[PDB]
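Undergrad: Encoded as structure tokens, here's the structure I'll be asking about.
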2 protein chains.
Amino acid sequence: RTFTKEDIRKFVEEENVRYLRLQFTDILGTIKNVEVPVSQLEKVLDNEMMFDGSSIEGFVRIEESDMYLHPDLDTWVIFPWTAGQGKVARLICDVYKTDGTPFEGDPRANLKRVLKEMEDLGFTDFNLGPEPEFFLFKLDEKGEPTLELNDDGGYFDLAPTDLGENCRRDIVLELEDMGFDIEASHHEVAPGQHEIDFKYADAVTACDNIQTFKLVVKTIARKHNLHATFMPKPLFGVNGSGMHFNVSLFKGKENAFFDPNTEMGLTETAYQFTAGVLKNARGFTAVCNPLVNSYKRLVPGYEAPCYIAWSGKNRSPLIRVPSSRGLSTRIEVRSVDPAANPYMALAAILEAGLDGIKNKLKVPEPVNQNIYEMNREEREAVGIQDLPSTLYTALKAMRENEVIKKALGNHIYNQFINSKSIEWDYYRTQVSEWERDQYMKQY
Amino acid sequence: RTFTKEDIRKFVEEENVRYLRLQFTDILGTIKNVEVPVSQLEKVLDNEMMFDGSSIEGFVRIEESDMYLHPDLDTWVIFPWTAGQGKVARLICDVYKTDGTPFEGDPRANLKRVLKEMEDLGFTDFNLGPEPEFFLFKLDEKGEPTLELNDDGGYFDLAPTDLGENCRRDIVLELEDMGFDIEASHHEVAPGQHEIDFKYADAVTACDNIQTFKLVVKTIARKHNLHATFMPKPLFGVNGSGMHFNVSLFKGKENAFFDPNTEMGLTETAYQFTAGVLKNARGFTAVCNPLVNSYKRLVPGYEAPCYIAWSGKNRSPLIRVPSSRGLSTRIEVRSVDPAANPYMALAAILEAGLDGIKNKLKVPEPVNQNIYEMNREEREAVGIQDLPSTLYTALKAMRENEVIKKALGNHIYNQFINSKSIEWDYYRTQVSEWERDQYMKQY
Ligand SMILES: Nc1ncnc2c1ncn2[C@@H]1O[C@H](COP(=O)(O)OP(=O)(O)O)[C@@H](O)[C@H]1O
Ligand SMILES: Nc1ncnc2c1ncn2[C@@H]1O[C@H](COP(=O)(O)OP(=O)(O)O)[C@@H](O)[C@H]1O
Ligand SMILES: C[S@](=O)(CC[C@H](N)C(=O)O)=NP(=O)(O)O
Ligand SMILES: C[S@](=O)(CC[C@H](N)C(=O)O)=NP(=O)(O)O
Ligand SMILES: [Mg+2]
Ligand SMILES: [Mg+2]
Ligand SMILES: [Mg+2]
Ligand SMILES: [Mg+2]
Ligand SMILES: [Mg+2]
Ligand SMILES: [Mg+2]
Ligand SMILES: [Mg+2]
Ligand SMILES: [Mg+2]
Ligand SMILES: [Mg+2]
Ligand SMILES: [Mg+2]
């Protein structure tokens, strides 16, 4: 069910592939890659491809720059928009040190580490169905983006109110040709916003999917004279974009979250799992919402969470339980946004979830109600805690949580905190057009 | 005949449609749809598939916000401007709740509910032939509509006075290749105004016929560098657009409105029905004219109604009985405008008419003169009421009518009152440039 070096060797000759892209993911969720001519295949498969690690965000220092790429052969895919003499294929890679030690800073591998912990606890797969929503801006004279959305449409609109109809069709086409099992395509709430959904996959595969997804969304958009962006809240007073993380544990072909006995079809594994996410949600939101701009979307009134609670069929809370049951039984962690590093965010959610199982915690009361229309002490009554309000308050929540530190390991944890703290302090000393428009004449 | 799943399956295979487009309508009459690839065909046909009802206007709240779609299979249609590999079929859907119940808030479901009460009183089909007039404006360079109209032509004008022949011929062509029975196209009275008529059909498919028609006109208008608008009165001083509702009852392929033996040629069933339409007109005007702007159409001098009355061959009253008889025999409610939600409006007029049959009401006598040149005191004489003049009074007339509260059921009634009252209380507060032009120098 895994591919061998000779599997890959045959694909390269069958489809007459000309170039290889070796791709991997830094600490910011940003995909990086070098292209080699397929004449270098044997170097690729014997794990002898090198790059400057010091030139990558959350990696090594300049005095130990050299690092290697190790291709995960299962990640093979060919880019259905490439020619015959320019056919390009891809391998996603894990990062290693010169000595053959896998890198403590690799985000993909760190998720592979946390998934071995769920396995020793008796679960065969951790499935994630991501929901990355995006905005489409128009490009100008000289190719750079503008602030003019591509339409003034809204949820489930059709053409011409929704003008990214063709562009979404082109993204489904190339994606389907890449082995994506697409599920739905539609205009989202906010003007210019779009959603394309695809079937869930096992943890490592799902993240690889997100990275591919972004990759295809952005380039096809450019071919439609549009600029795509996964920024959390591009604009005040409209819905932001969130990368909902639908998750579930399988004991093999069977969904450990589903109960065919009860009226709400949830097992107590699932209740325990949701318990852990809720307990540790403060500690992991810096990682699921790692930009300053991520907290301009965690504001009430736009179907994004602000308050740690769970409920079914309810889109105001941090955890919605969608109505589907059966193999589709899942918890939806709505706080995640598309700027998150998927590998790290899923590591976060998984180990928080595994915290609830290993510690057999009982879940709080479902908040079956519109949490926005609740006031500070009406929710303080039922024990509903807030998520961090700023990126600075999110990191502090991180420094004091013990689970996110285990889910990330010491390197990523420190490199993440060190970067984002510098990030905050550049922001914190910016003077906004807001401050000037409100304060330059008045005072 | 009536299509069944495997009928659906075979058409999908035999035609290689790659994409389903599932559509439903919100309270404001606006079409809503999601694209899903044919991968998901079986998830569609098992009514297994969902959307967010709190982001549909006039539907559910965010706490209870998960809803499903049941496709009406008889609505299968392949878009004749989608080639292979990008070929889209459509299915109109009904809307269901998480408990498997139809949604009280579905406007289409509702028309179906009322049509059931029509089968009670012994009628097989309620046919409607709609007449959705529209305007075409010129786009500017960056794609947005301007206030320059496409021609300056009149009723029945030719090219080059009429510069919409070519936009209309393309509309007519796509429409026939979607199965429409087109009956005429021509320039309408106002400059830039156009009409395309088509055969009547049963109530549901006719409202479906209107939604498709609207979507196909706006699409093709863009292809021609135009903006189609179904706004009732886009410009002062020249006719508005109406959506004439031509209706009749059938006792099984027999025009129940046609009496072959009498001179006028109407059965007493047709008379009773008009009595009910005429009695309840004020109560259903808000739903037939839901815009502030709807009421700048409903003003004398423009071939559009403003007084509750009925006449044959006569184009001033609310209701006109056109000369044609036989199976063409119909009443024409001329108040309807194209911003009206088709399903709701038809539900409203269907029950008003039913109100008159069941109670065997008797018809006001016809007003066989140009009822725009009758003085308020001359009209009060014969006992002729006025239509509501503002959306606010129309809402007042609606809150005080019992037939309309039962045509919509409480959810649609309540949702529409609420939404439109708010739409008014913004309008009533804005300062018109009319006001600043007459008053700002004089005072
Ligand atoms: N058992 C499961 N575990 C994790 N994700 C799942 C499971 N079943 C379905 N999903 C995922 O949840 C996603 C949610 O799809 P979507 O239609 O976007 O739901 P909504 O938009 O209503 O939250 C799908 O992408 C699917 O792959
Ligand atoms: N029995 C009927 N019931 C409802 N509509 C009908 C019937 N017979 C004809 N019609 C419809 O009336 C419409 C005529 O519109 P049109 O020719 O524009 O009339 P007008 O003379 O009012 O412009 C068509 O949509 C046609 O299908
Ligand atoms: C209507 S929405 O509910 C959009 C939510 C918002 N944009 C956010 O996640 O921040 N999401 P979904 O795809 O789950 O229906
Ligand atoms: C000549 S007109 O009579 C124009 C009516 C106008 N546009 C309105 O109903 O507002 N309508 P029709 O197509 O029924 O002849
Ligand atoms: Mg070697
Ligand atoms: Mg291709
Ligand atoms: Mg979704
Ligand atoms: Mg969404
Ligand atoms: Mg979601
Ligand atoms: Mg199923
Ligand atoms: Mg006509
Ligand atoms: Mg007309
Ligand atoms: Mg007419
Ligand atoms: Mg008789």
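How things are named: the first chain in the structure tokens is A, the next is B, and so on; residues count from 1 in each chain; ligands count from 1 in the order shown.
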May I have the residues within 8 Å of ligand 3, computed using only C-alpha atoms and all ligand atoms, as a ChimeraX atom specification?

TA: /A:131,133,155,188-190,195,232,239-244,297-298,302-305,315,334-337 /B:51-52,54-55

Undergrad: Quick one: write out the picked residues with C-alpha atoms as a PDB file, in the first residue's frame?

TA:
ATOM      1  CA  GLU A 131     -12.038  23.103   5.300  1.00  0.00           C
ATOM      2  CA  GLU A 133     -11.638  28.878   2.905  1.00  0.00           C
ATOM      3  CA  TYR A 155     -23.156  32.305   0.772  1.00  0.00           C
ATOM      4  CA  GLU A 188     -18.779  31.569   0.958  1.00  0.00           C
ATOM      5  CA  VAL A 189     -20.433  34.123   3.279  1.00  0.00           C
ATOM      6  CA  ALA A 190     -18.089  37.088   2.810  1.00  0.00           C
ATOM      7  CA  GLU A 195     -14.716  27.168  -0.248  1.00  0.00           C
ATOM      8  CA  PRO A 232      -7.582  34.980   8.451  1.00  0.00           C
ATOM      9  CA  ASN A 239     -16.592  36.916   7.734  1.00  0.00           C
ATOM     10  CA  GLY A 240     -13.018  35.793   8.063  1.00  0.00           C
ATOM     11  CA  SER A 241     -11.545  32.608   6.681  1.00  0.00           C
ATOM     12  CA  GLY A 242     -11.183  29.586   8.913  1.00  0.00           C
ATOM     13  CA  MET A 243      -9.656  26.185   8.304  1.00  0.00           C
ATOM     14  CA  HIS A 244     -12.107  24.007  10.170  1.00  0.00           C
ATOM     15  CA  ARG A 297     -11.270  37.040  13.068  1.00  0.00           C
ATOM     16  CA  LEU A 298     -11.801  35.624  16.567  1.00  0.00           C
ATOM     17  CA  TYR A 302     -18.957  35.859  12.096  1.00  0.00           C
ATOM     18  CA  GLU A 303     -19.252  32.113  12.775  1.00  0.00           C
ATOM     19  CA  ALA A 304     -15.777  31.997  14.210  1.00  0.00           C
ATOM     20  CA  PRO A 305     -15.225  30.866  17.803  1.00  0.00           C
ATOM     21  CA  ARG A 315     -21.712  27.201  14.583  1.00  0.00           C
ATOM     22  CA  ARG A 334     -13.530  25.636  14.231  1.00  0.00           C
ATOM     23  CA  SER A 335     -10.737  27.837  15.596  1.00  0.00           C
ATOM     24  CA  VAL A 336      -8.097  26.640  13.144  1.00  0.00           C
ATOM     25  CA  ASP A 337      -7.377  29.120  10.399  1.00  0.00           C
TER      26      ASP A 337
ATOM     27  CA  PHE B  51     -25.302  23.231   4.194  1.00  0.00           C
ATOM     28  CA  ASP B  52     -25.415  26.116   6.687  1.00  0.00           C
ATOM     29  CA  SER B  54     -27.972  30.409   9.349  1.00  0.00           C
ATOM     30  CA  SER B  55     -26.261  31.928   6.286  1.00  0.00           C
TER      31      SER B  55
END

Undergrad: Pull out every residue of chain A that has at least one atom within 9 Å of chain B, counting only C-alpha atoms, and report them as a ChimeraX atom specification.

TA: /A:154-160,169-170,172-173,181-187,189,303,311-316,322-324,368-371

Undergrad: Compare B:212, B:255, B:261, B:389 by their minimum atom-to-atom distance to ligand 2, counting only C-alpha atoms and all ligand atoms, and give me the closest one.

TA: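 Between B:212, B:255, B:261, B:389, the residue approaching ligand 2 most closely is B:255.
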
Undergrad: Pick out the closest residue to ligand 7 from this set: A:318, A:306, A:363, A:196. Count only C-alpha atoms and all ligand atoms.

TA: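 Going through A:318, A:306, A:363, A:196 one by one, the smallest distance to ligand 7 is for A:196.
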
Undergrad: Can you list, as a list in words, every protein, DNA or RNA residue that comes within 9 Å of region 413-418 of chain B when you count only C-alpha atoms, leaving out same-chain residues fewer than 6 positions away?

TA: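 Counting only the stated atoms, we get residues 27, 28, 57, 58, 59, 105, 286, 287, 395, 398, 399, 404, 405, 406 and 407 of chain B.
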
Undergrad: Would you mind exporting C-alpha atoms of the selected residues as an mmCIF file, in the first residue's frame?

TA:
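Below is the file that was written, part06.cif:
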data_model
loop_
_atom_site.group_PDB
_atom_site.id
_atom_site.type_symbol
_atom_site.label_atom_id
_atom_site.label_comp_id
_atom_site.auth_asym_id
_atom_site.auth_seq_id
_atom_site.Cartn_x
_atom_site.Cartn_y
_atom_site.Cartn_z
ATOM 1 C CA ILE B 27 -36.884 33.848 1.271
ATOM 2 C CA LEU B 28 -35.860 36.796 -0.946
ATOM 3 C CA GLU B 57 -31.793 34.622 4.787
ATOM 4 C CA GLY B 58 -35.185 33.685 6.242
ATOM 5 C CA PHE B 59 -34.004 30.232 7.401
ATOM 6 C CA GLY B 105 -39.194 27.837 5.934
ATOM 7 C CA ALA B 286 -45.961 43.155 0.267
ATOM 8 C CA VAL B 287 -44.998 39.635 -0.849
ATOM 9 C CA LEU B 395 -46.606 45.431 5.589
ATOM 10 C CA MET B 398 -50.118 42.191 5.552
ATOM 11 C CA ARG B 399 -50.004 42.051 9.369
ATOM 12 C CA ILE B 404 -51.692 35.402 3.681
ATOM 13 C CA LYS B 405 -50.676 34.170 7.142
ATOM 14 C CA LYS B 406 -51.966 30.772 5.986
ATOM 15 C CA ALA B 407 -50.455 30.953 2.473
#

Undergrad: Report as a VMD selection string all protein, DNA and RNA residues lying within 7 Å of residue 330 (chain A), evaluated on only C-alpha atoms, omitting residues in the same chain fewer than 5 positions from it.

TA: chain A and resid 246 to 248 257 321 to 322

Undergrad: List as a PDB file with C-alpha atoms, in the first residue's frame the protein and nucleic acid residues lying within 9 Å of ligand 6, with only C-alpha atoms and all ligand atoms counted.

TA:
ATOM      1  CA  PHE A  79       1.052  18.018 -11.955  1.00  0.00           C
ATOM      2  CA  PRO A  80      -1.757  17.675 -14.538  1.00  0.00           C
ATOM      3  CA  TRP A  81      -0.959  21.072 -16.058  1.00  0.00           C
ATOM      4  CA  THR A  82       2.542  20.179 -17.241  1.00  0.00           C
ATOM      5  CA  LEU A 173     -10.388  20.069 -12.285  1.00  0.00           C
ATOM      6  CA  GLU A 174      -6.645  20.105 -11.612  1.00  0.00           C
ATOM      7  CA  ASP A 177      -6.583  14.992 -11.641  1.00  0.00           C
TER       8      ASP A 177
END

Undergrad: Run DSSP on the backbone of this structure and report the residues of region 6-197 of chain A it assigns to strand (DSSP E or B), as a ChimeraX atom specification.

TA: /A:19-25,31-37,49-52,66-78,88-97,102,125-139,145-149,182-187,193-197

Undergrad: Suppose you want the space between atom 9 (C, counted along the ligand's line) of ligand 1 and CA of residue 262 (chain A); what is it in Å?

TA: 19.7 Å

Undergrad: Figure out the distance between CA of residue 178 (chain A) and CA of residue 11 (chain A), please, to one decimal in Å.

TA: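 Computing the Euclidean distance for CA of residue 11 (chain A) and CA of residue 178 (chain A) yields 14.4 Å.
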
Undergrad: Residues at most 12 Å from residue 140 (chain B), counting only C-alpha atoms, excluding those fewer than 6 positions away in the same chain, as number ranges by chain?

TA: B: 146-149, 222, 225-227

Undergrad: Which one of A:6, A:94, A:76, A:118 sits closest to residue 353 (chain A) if you count only C-alpha atoms?

TA: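 Going through A:6, A:94, A:76, A:118 one by one, the smallest distance to residue 353 (chain A) is for A:118.
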
Undergrad: Could you please extract the residues within 9 Å of ligand 14, counting only C-alpha atoms and all ligand atoms, and hand them back as a PyMOL selection string?

TA: chain B and resi 259-262+265-268

Undergrad: Could you report the residues within 10 Å of ligand 5, using only C-alpha atoms and all ligand atoms, as a CSV table (one decimal) with N, CA and C atoms, in the first residue's frame?

TA:
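Below is the file result_30.csv, written as the result:
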chain,number,residue,atom,x,y,z
A,42,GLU,N,18.2,8.9,-8.9
A,42,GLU,CA,18.9,8.0,-8.0
A,42,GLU,C,19.5,8.7,-6.8
A,43,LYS,N,20.0,10.0,-7.0
A,43,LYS,CA,20.4,10.8,-5.9
A,43,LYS,C,19.2,11.1,-4.9
A,44,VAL,N,18.0,11.3,-5.5
A,44,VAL,CA,16.8,11.6,-4.7
A,44,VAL,C,16.4,10.4,-3.9
A,45,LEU,N,16.4,9.2,-4.5
A,45,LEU,CA,15.9,8.1,-3.7
A,45,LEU,C,17.0,7.5,-2.7
A,46,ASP,N,18.3,7.8,-2.9
A,46,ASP,CA,19.2,7.5,-1.9
A,46,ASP,C,19.4,8.6,-0.8
A,47,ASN,N,18.5,9.6,-0.8
A,47,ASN,CA,18.4,10.5,0.3
A,47,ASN,C,19.6,11.4,0.4
A,48,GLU,N,20.2,11.8,-0.7
A,48,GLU,CA,21.4,12.6,-0.8
A,48,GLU,C,21.2,14.0,-1.4

Undergrad: Taking only region 53-258 of chain B into account, list the residues labelled alpha helix (DSSP H) by DSSP (computed from the backbone), as a VMD selection string.

TA: chain B and resid 107 to 120 165 to 176 203 to 223

Undergrad: Export, as a PDB file, in the first residue's frame, the selected residues with C-alpha atoms.

TA:
ATOM      1  CA  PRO B 107     -40.668  28.616   0.067  1.00  0.00           C
ATOM      2  CA  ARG B 108     -40.871  25.870  -2.568  1.00  0.00           C
ATOM      3  CA  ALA B 109     -41.964  23.226  -0.048  1.00  0.00           C
ATOM      4  CA  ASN B 110     -44.652  25.733   0.856  1.00  0.00           C
ATOM      5  CA  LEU B 111     -46.050  26.199  -2.629  1.00  0.00           C
ATOM      6  CA  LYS B 112     -46.297  22.384  -2.597  1.00  0.00           C
ATOM      7  CA  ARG B 113     -48.161  22.493   0.699  1.00  0.00           C
ATOM      8  CA  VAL B 114     -50.783  24.877  -0.701  1.00  0.00           C
ATOM      9  CA  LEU B 115     -51.097  22.996  -3.985  1.00  0.00           C
ATOM     10  CA  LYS B 116     -52.188  20.050  -1.810  1.00  0.00           C
ATOM     11  CA  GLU B 117     -55.099  22.124  -0.450  1.00  0.00           C
ATOM     12  CA  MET B 118     -55.998  22.817  -4.085  1.00  0.00           C
ATOM     13  CA  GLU B 119     -56.248  19.078  -4.844  1.00  0.00           C
ATOM     14  CA  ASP B 120     -58.631  18.965  -1.847  1.00  0.00           C
ATOM     15  CA  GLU B 165     -32.151  41.646 -30.604  1.00  0.00           C
ATOM     16  CA  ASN B 166     -28.856  39.833 -30.363  1.00  0.00           C
ATOM     17  CA  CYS B 167     -28.844  39.606 -26.578  1.00  0.00           C
ATOM     18  CA  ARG B 168     -32.409  38.280 -26.677  1.00  0.00           C
ATOM     19  CA  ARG B 169     -31.763  35.734 -29.458  1.00  0.00           C
ATOM     20  CA  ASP B 170     -28.928  34.237 -27.410  1.00  0.00           C
ATOM     21  CA  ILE B 171     -31.167  34.124 -24.334  1.00  0.00           C
ATOM     22  CA  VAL B 172     -33.941  32.471 -26.309  1.00  0.00           C
ATOM     23  CA  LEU B 173     -31.471  29.929 -27.751  1.00  0.00           C
ATOM     24  CA  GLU B 174     -29.975  28.784 -24.464  1.00  0.00           C
ATOM     25  CA  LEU B 175     -33.475  28.637 -22.991  1.00  0.00           C
ATOM     26  CA  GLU B 176     -34.861  26.335 -25.672  1.00  0.00           C
ATOM     27  CA  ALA B 203     -47.146  26.012 -10.429  1.00  0.00           C
ATOM     28  CA  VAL B 204     -43.923  24.415  -9.174  1.00  0.00           C
ATOM     29  CA  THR B 205     -42.109  24.078 -12.466  1.00  0.00           C
ATOM     30  CA  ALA B 206     -43.278  27.550 -13.497  1.00  0.00           C
ATOM     31  CA  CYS B 207     -41.672  29.132 -10.420  1.00  0.00           C
ATOM     32  CA  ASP B 208     -38.649  26.951 -11.191  1.00  0.00           C
ATOM     33  CA  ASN B 209     -39.006  28.215 -14.778  1.00  0.00           C
ATOM     34  CA  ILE B 210     -38.809  31.790 -13.449  1.00  0.00           C
ATOM     35  CA  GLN B 211     -35.662  31.216 -11.400  1.00  0.00           C
ATOM     36  CA  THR B 212     -33.866  29.532 -14.293  1.00  0.00           C
ATOM     37  CA  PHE B 213     -35.043  32.276 -16.647  1.00  0.00           C
ATOM     38  CA  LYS B 214     -33.657  34.977 -14.364  1.00  0.00           C
ATOM     39  CA  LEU B 215     -30.326  33.229 -13.983  1.00  0.00           C
ATOM     40  CA  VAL B 216     -30.028  32.645 -17.724  1.00  0.00           C
ATOM     41  CA  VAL B 217     -30.730  36.291 -18.585  1.00  0.00           C
ATOM     42  CA  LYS B 218     -28.154  37.768 -16.223  1.00  0.00           C
ATOM     43  CA  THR B 219     -25.507  35.296 -17.438  1.00  0.00           C
ATOM     44  CA  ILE B 220     -26.027  35.978 -21.156  1.00  0.00           C
ATOM     45  CA  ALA B 221     -26.261  39.737 -20.537  1.00  0.00           C
ATOM     46  CA  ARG B 222     -22.681  39.737 -19.249  1.00  0.00           C
ATOM     47  CA  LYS B 223     -21.544  37.736 -22.292  1.00  0.00           C
TER      48      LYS B 223
END

Undergrad: Which distance in Å separates CA of residue 236 (chain B) and CA of residue 139 (chain B), to one decimal?

TA: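 Pair CA of residue 236 (chain B) / CA of residue 139 (chain B) returns 20.3 Å.
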
Undergrad: May I have the residues within 7 Å of residue 153 (chain A) as a JSON list (two decimals) with C-alpha atoms, in the first residue's frame, using only C-alpha atoms and disregarding those fewer than 5 positions away in the same chain?

TA:
[["chain", "number", "residue", "atom", "x", "y", "z"],
["A", 161, "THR", "CA", -23.28, 37.64, -8.28],
["A", 162, "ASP", "CA", -20.58, 34.99, -7.65],
["A", 191, "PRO", "CA", -17.81, 38.97, -0.51],
["A", 192, "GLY", "CA", -15.02, 37.38, -2.53]]
